[PDB]
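Next come the chains, spelled out residue by residue.
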Amino acid sequence: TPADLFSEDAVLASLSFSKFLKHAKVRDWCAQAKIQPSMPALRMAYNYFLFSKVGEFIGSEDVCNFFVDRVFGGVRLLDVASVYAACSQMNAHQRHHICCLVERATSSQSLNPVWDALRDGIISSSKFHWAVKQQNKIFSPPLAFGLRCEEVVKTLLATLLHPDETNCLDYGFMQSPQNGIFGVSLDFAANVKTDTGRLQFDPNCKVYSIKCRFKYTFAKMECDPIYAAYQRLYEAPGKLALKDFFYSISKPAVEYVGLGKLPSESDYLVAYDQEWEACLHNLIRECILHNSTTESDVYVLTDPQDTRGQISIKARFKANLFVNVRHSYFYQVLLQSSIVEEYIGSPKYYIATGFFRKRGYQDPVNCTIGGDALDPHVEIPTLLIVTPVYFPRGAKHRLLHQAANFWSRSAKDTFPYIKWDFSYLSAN
RNA sequence: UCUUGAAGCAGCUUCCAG
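As drawn, each chain counts its residues from 1 in written sequence order, possibly unlike the entry's numbers, and residues without coordinates are not displayed. Both sets of labels track the order of writing: A upward for chains, 1 upward for ligands. The basis for every side-chain value is the complete set of heavy atoms in the structure, and neither hydrogens nor water enter the calculation. Residues with missing side-chain atoms are left out of burial classes, side-chain pairs and their counts.

- Its PDB record attributes the structure to X-ray crystallography, giving the resolution as 3.30 Å.

Below you can see the structure in the form of structure tokens.
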């Protein structure tokens, strides 16, 4: 059914910013000579019509209450023109407040179809690398990672790394209040504070990017090459034991780089030290300089077959493994770091990677990750590698610019009728 | 039917060769 956001009444995902901009009423509005739509003003306007329809259904009508009782001055504005004019008059504290309400309204990581309509027309953390590469879209007119990976590694971080600090597992969609052309979601964040007032980001916190490599998913069999390397690591955890574990497969997660000699889009980890030898250019060089100092944190998890189901840190050590600044993950965490900074006005960012093993017949049915239980269908976690990510300001600014120009070019090509005013956007 | 090329959201997936 044709989902109309200007009406008075799956199909919830078809309430896009693309559908809003392509709509006849908006098309007739842009047709006037005086009309020069700016960003984030049009995005903020779209956010009203989206929540005037979805808001009542999804329970909380807080987004529209702020828009009407503080942005429209009690008036329940109905037409595009009035809503845009009121939205263009919004101050930064007001745009930020709407963005937070939207984030709390979409606090269900990836189960609401609102999330689907919200992502469209925005450069998301995942999609960021593609946008900076300038490759083809932004405007478009399964759980084999959520349950199987994210959940497991999240619980691992929640109960083993930060079981003392107050943490937040599920974050909503964080649209950029400064531009409205960027939007991220946080996998996990630890040591967070709450107002009165909802959640608030503190520069003394750690934001995690939960990703995991099932390349190393081995089976407890004498023959198995990965299992052989893991056993050596389990009863002797160290820098050298990790090297055997990583080079136990044909396409490894670690890569050797000469004198900062440039890596490849192979994987997320990279090592510059001798012991790991196995067999825009300038922007890459600037990033390598910043990431080659802080070591990766490696967690060897206890075997539930040996520790009566209780998975905990058997041993923890440091590895000279750094983030691949060419790989997607770096750019994904870059965009996320940029929006966190915006919602503030710094937190430490990391890539938490899980390493597993197949569940055997002799493995306990009921397993516990510190305090909370593990699903009997999912694979057993054996290792956790926490990699710090550092972003040089100059490089971060240069990249966000390239992506913004790509958004500017695509939005002007996809929507020819809209007399876009990117002079207002030029600030961010 | 597998491993070595390449390509994209994590494993798979999409085009090959031998």
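## Notes on the sheet that holds strand β1 (residues 123-124)
Inference 1: We call two strands paired when DSSP finds no fewer than two bridges between them. Here a strand is any run of E in DSSP of at least two residues, a helix any run of H or I of at least four, and the numbering for each starts at the N terminus. Strands sit in the order β1-β3-β2 across an open sheet of 3 strands; the sheet is mixed. Single-partner strands in this sheet number two, and they are β1 and β2 (174-175).
Inference 2: The sheet contact formed by β2 and strand β3 (residues 182-184) spans 2 bridges and is antiparallel. Bridge pairing links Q175 to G183 in β3.

## Concerning the domain arrangement of chain A
Inference 1: How far each domain reaches was decided by an automatic or database domain assignment. Assigned domains of chain A: these are domain 1 (1-122) and domain 2 (123-428).
Inference 2: A straight line from the C-alpha centre of domain 1 to that of domain 2 covers 31 Å.
Inference 3: It only takes one pair of heavy atoms within 4.5 Å for two residues to be counted as in contact. Contacts between domain 1 and domain 2 engage 33 residues on the former and 37 residues on the latter.
Inference 4: Counting only elements with at least two residues in the side of domain 1 that touches domain 2, the list comes to α1 (17-22), α2 (24-30), α3 (41-57), α6 (92-105) and α7 (114-119).
Inference 5: Among the elements that line the side of domain 1 that touches domain 2, the one with the most residues is α6, at 8 residues.
Inference 6: Note that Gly is not counted as nonpolar here; it falls among the polar residues with everything else outside the nonpolar set of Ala, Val, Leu, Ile, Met, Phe, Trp, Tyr, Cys and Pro and the charged set of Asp, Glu, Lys and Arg. Residues belonging to the side of domain 1 that touches domain 2 are distributed by class as follows: 15 nonpolar, 10 polar and 8 charged.

## Brief notes about the packing of aromatic side chains
Inference 1: Pairing of aromatic side chains requires ring centres within 6.5 Å, counting the rings of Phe and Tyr and the six-membered ring of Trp. Pairs whose planes differ by under 30 degrees are stacked, by over 60 edge-to-face, and all others tilted. Measuring from centroid to centroid gives 5.4 Å for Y216 and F246, while their planes differ by 85 degrees, and the two rings are edge-to-face. Highlighted residues: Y216 in the loop between β7 (206-212) and α10 (225-234) and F246 in helix α11 (residues 239-246), separated in sequence by 30 residues.
Inference 2: Residues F245 and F246 carry aromatic rings whose centres are separated by 5.7 Å and whose planes lie at 70 degrees to one another, so their mutual orientation is edge-to-face.
Inference 3: Here the aromatic residues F6, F17, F20, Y46, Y48, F49, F67 and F72 are joined through ring pairs into a cluster of three or more.
Inference 4: One cation-aromatic arrangement involves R43 over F17; the distance from NZ or CZ to the ring centre is 4.6 Å.
Inference 5: Between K314 and the ring centre of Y234, over which it is positioned, the NZ or CZ distance is 5.2 Å. Working rule: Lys NZ or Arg CZ, within 6 Å of ring centre, within 35 degrees of ring normal, means a charge sits over the ring.

## Topic: the pairing of β7
Inference 1: Two elements, strand β4 (residues 188-190) and β7, share 3 bridges in a ladder whose sense is antiparallel. Paired with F188 across the bridge in β7 is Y208.
Inference 2: As judged from the 7 bridges shared by β7 and strand β13 (residues 348-357), these two strands associate in the parallel manner. Considered in β13, the bridge of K206 is made with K348.

## Things to note about the sheet that holds strand β9 (residues 296-301)
Inference 1: As summarised here, the arrangement of the 6 strands in space is β4-β7-β13-β16-β9-β11, forming an open sheet in which the pairing is mixed. Every interior strand has two partners, whereas the edge strands, β4 and β11 (313-319), have only one. Going from strand to strand, the sheet's axes swing by 25 degrees on average, the running direction of each strand aside.
Inference 2: For helices, the axis comes from a line fit to the C-alpha atoms of the stretch in contact; other axes are also lines fit to C-alpha atoms, and the angle between any two N-to-C directions lies between 0 and 180 degrees. Its contacts with the sheet put helix α9 (residues 146-161) on β4, β7, β9, β11, β13 and β16 (380-389), and the angle it makes with β7 is roughly 140 degrees.

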